[PDB]
Structures are given as structure tokens and as C-alpha cells.
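Peer 1: I have a structure I would like to understand better, so I am pasting it below and will then ask my questions one at a time.
2 protein chains.
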Amino acid sequence: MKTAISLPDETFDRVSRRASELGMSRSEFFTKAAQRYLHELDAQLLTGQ
Amino acid sequence: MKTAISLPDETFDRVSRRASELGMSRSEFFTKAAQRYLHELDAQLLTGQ
DNA sequence: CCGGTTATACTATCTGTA
DNA sequence: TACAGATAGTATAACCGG
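For the record, the sequence lines run as chains B and C.
Be aware that the first sequence starts at 4, since it is given in the entry's author numbering, and climbs by one per residue.
Be aware that the second sequence starts at 4, since it is given in the entry's author numbering, and climbs by one per residue.
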């Protein structure tokens with residue numbers, strides 16, 4: 004189902020700006036940023052080793 | 004402002020799984036997902052060229 | 001009892017068909 | 001071109017925890 008996240012005004016402006024810059028939606032941006040979140044976490048943890 | 008992320012049943016289950024894996028909520032998940040997206044975006048800027 | 005997160009709900013805009 | 005439906009976003013409410 005649809006989700007509602009409580010974000011600030013400056014952060015919401017950045018998310019909507021990079022979402023329009025990439026050419027995707029906000030639901031698609033979250034899906035790509037959720038998988039890329041695991042790619043960034045695994046990359047940062049591996050680099051810190 | 005509030006965010007409207009339209010997620011199905013599979014994507015929502017995976018988002019709540021990685022959120023519980025980190026030990027944070029979905030609100031802080033997006034805050035760190037956007038910060039992680041910007042960290043990998045900076046690496047995409049230099050490494051990209 | 002008071003907030004915060006989360007889901008529902010209504011409304012508006014875009015798109016596709018007639 | 002006009003209308004109806006579908007999808008996304010702002011808006012509003014509900015439940016749980018401190």
C-alpha cells in the first residue's frame with residue numbers, strides 16, 4: 004500500500020529536484036534508492052575494512 | 004511536508020526488512036537513503052567522467 | 001494525554017479511448 | 001476535442017508508545 008513519510012521542507016525539495024533531474028517518479032526513486040541503499044552500505048562497509 | 008511513496012506488497016516488505024536490518028524507522032531510512040544517494044552521487048560525478 | 005509514524009482517503013491532473 | 005478512469009500527491013485521521 005501507499006506510504007507516508009514525514010520529511011522536512013528542504014529535504015523534500017531536494018528529493019523532488021533530483022527525482023525530476025533523473026527523470027523518474029517519487030515511488031520509483033524510492034525503489035531505486037532502496038536498492039542503491041544496500042549498494043552504498045555494502046560499498047562503504049567494504050571500503051572501511 | 005509529507006511524502007507519497009506508492010509501493011506494492013513486495014517492495015514494501017523489502018523496505019521494512021532493510022529498515023529493521025539497520026535498526027531504524029522508515030522515516031530515518033529515507034533520511035539516510037537520500038544521504039546515501041548523495042554519497043554515491045558524488046562518486047558518480049568523479050568516477051563517472 | 002500528547003506526539004509521531006503510518007495507512008487510508010479524497011482530490012486533481014494526465015492519459016487514453018470514443 | 002471531450003469525458004471517464006487510473007494513478008499519484010497532499011490531506012486527514014487512527015493507533016501505539018512513552
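Even for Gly, the Cβ is constructed at its ideal location relative to N, Cα and C.
Quick one: Cα of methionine 4/B to Cα of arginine 39/B, how far?
Peer 2: Cα to Cα, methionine 4/B sits roughly 22 Å from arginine 39/B.
Peer 1: Any contact of the stretch 14-26 of chain C with the stretch 10-28 of chain B, i.e. 3+ C-beta pairs under 8 Å?
Peer 2: no
Peer 1: For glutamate 43/B, does the count of other Cβ atoms within 10 angstroms reach 16, so buried, or fall short, so exposed?
Peer 2: buried
Peer 1: Nearest to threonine 6/C by CA position, among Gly51/C, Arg29/C and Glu24/C, is which residue?
Peer 2: Comparing Cα-Cα distances from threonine 6/C to each of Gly51/C, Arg29/C and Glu24/C, the minimum goes to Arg29/C.
Peer 1: Assuming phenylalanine 32/B and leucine 25/B form a contact by the criterion Cβ under 8 Å, report the distance between their Cβ atoms to the nearest whole angstrom.
Peer 2: 7 Å
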